[PDB]
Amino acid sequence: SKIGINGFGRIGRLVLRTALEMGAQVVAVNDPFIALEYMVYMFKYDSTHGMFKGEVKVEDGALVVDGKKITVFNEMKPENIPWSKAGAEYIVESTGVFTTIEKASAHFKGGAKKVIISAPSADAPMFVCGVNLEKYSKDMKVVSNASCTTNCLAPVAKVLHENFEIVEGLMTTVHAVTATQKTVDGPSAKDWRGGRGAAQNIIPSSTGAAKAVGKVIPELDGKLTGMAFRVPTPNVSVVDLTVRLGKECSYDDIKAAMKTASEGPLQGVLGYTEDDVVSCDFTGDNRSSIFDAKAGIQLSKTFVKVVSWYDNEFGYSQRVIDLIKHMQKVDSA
């Protein structure tokens, strides 16, 4: 696996935890802004996904988790990271700063062989496990895992589209509070609404997830768009998708299609439920998107509103490792 992580942030730390679960191997981490003993603390304690059960300690300038030694670098510039030194080959780029092919290539300077951008990218090909891994080629050096929301929508859109055909659709993601928000009314020049107190408000916001689905599923390109609402919940969001279908159908055909997909080809990616669930029931859920059967409504044989849950960064993190696994498989074949 020889995985390396650049940027020990919320995604970066969750990717590490996930790796330890799924048995993947992380050999080095790079973050110039977080001191070594502070990394231990941020990795150990997590307000949402709880206490890390296992041993975590600093030992000889390295981070030791459950006996596994992880080399730590503090380079501000990607080109200066000794990836090869630590034996890191597949780099998870999660700083949110080097998201373009050009910027991301600086990692090859240090010995890296592949770079996975854990965010949307203006030019790196984007992948959503279960939707388009068919497009991945061994000679792609830099790839993107899209966004948390795209990984939720894509699976659902794919199932709907391949069965009833999406003519057009509008989306709303009722989203949990994010790190770019503020506790109290403060300055946010790039997004005035985004600066208003997060715990007090419902905040209309943006999302590129709908457009992004147009890149992951080309036929849908230009047929979907959407927005978001930031609400005062700590974790877990939900996708409210309203679509106009090309084939007439009953809401039962839709539940059937989703259920079949979840047990078959999209198992582990798309979940299915008929229980009376609420956002908290999905904290720590592995799947990228869970179809809420009871929450959806159908107005006519071709006009329906479908609902799908997803744990923000947690399901996304499982997908990052999944993507790296598929890649290494195709890369060594």
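Numbers follow the displayed sequence, beginning with 1.
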property: Entry-level comparison of average CA B-factors, 282-290 and 28-36, reporting the higher stretch; result: 28-36
property: Residue range whose averaged C-alpha B-factor is higher in the record, 55-63 or 302-310; result: 55-63
property: Deposited CA B-factor, highest of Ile254, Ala86, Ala119, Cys152; result: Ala86
property: Maximum C-alpha temperature factor, selected from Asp240, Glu93, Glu162, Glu248; result: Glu248
property: Ranked C-alpha temperature factor of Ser188 among modelled chain residues, by third; result: highest
property: Chain-relative CA temperature factor third for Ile217; result: middle
property: Assigned third (lowest, middle, highest) for the C-alpha B factor of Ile70; result: highest
property: Cα B factor band for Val320 (lowest, middle or highest third within the chain); result: lowest
property: Assigned third (lowest, middle, highest) for the C-alpha B factor of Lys259; result: middle
